[PDB]
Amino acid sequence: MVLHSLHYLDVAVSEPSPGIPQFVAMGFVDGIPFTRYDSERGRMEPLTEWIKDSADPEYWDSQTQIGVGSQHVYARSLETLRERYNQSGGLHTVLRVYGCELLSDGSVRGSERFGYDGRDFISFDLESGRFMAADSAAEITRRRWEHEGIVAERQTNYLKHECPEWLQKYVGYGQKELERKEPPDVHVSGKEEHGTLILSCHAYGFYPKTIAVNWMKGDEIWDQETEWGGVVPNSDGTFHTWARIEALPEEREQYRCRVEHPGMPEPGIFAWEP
């Protein structure tokens, strides 16, 4: 099972629009943003206090170099993919997600995936060790990358060695924020619309994102008639979720909500209290 993770998201577009620069690269440690490169600022910058305190100026300047270089690579890649797919001008997007995960067994899983205009293009994995092309256009890149044998060498070396070593470094840098446990604040809301009562169990501001929210009717689990929301982020770095059921108004008091979270000493039970 995944103990920790470090992954990066690259978004490059052929024509910038408001809120979408030419190129943005974002780093996440266990899902939390901690570094950002942006083509308008042209700088790699910290997004948390723990990474700013622990990194030396060489860390930020070397990655500014890597971000500046990637910015030119994606401009050429976008140009290259436009003809391979026989596409006209306008908004085109190249996406890359790469990183590694430290499993509980001590092993590392790593991958680097490219996408173009919402579909797979090319990917690399530590297990397979080979590039997977999604179509004939990506086969051109796969052939060139496999000949030189050098992309696969650099990719295996980053994903299997560099990435986890930086991840272990990042885990120690922000241990206090990464491993904090903030319990959710739970509230059950009820509204009767058109002869149907809608009960919603809301969970506010919890971290980390693992949580269980389940409705009970008497002694029976009521997951069958339960609609779950996503585990969505708040602006402060905590998460939100809900679990919703419909019920007869006259049976409102037979239902209760059970919530479990690593930040709670005990699982809490809640009900609608109008």
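Numbers follow the displayed sequence, beginning with 1.
When the two stretches 81-89 and 154-162 are set side by side, the higher mean Cα temperature factor goes to 81-89. For the segment pair 189-197 and 68-76, the entry gives 189-197 the higher mean B-factor, averaged over Cα atoms. Among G174, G118, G99, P183, the highest C-alpha B-factor recorded in the PDB entry belongs to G174. The entry assigns its greatest Cα B factor, within the set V94, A203, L103, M132, to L103. Placement of the Cα temperature factor of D10 within the chain: lowest third of the modelled residues, per the deposited record. In the PDB entry, a CA B factor belonging to the middle third of its chain's modelled residues is recorded for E139. For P46, the recorded CA B-factor ranks within the middle third of the chain. Only modelled residues enter the ranking. Among the modelled residues of its chain, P18 has a C-alpha B-factor that falls in the lowest third, as given in the PDB entry. The PDB entry assigns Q224 a C-alpha temperature factor belonging to the highest third of its chain's modelled residues.
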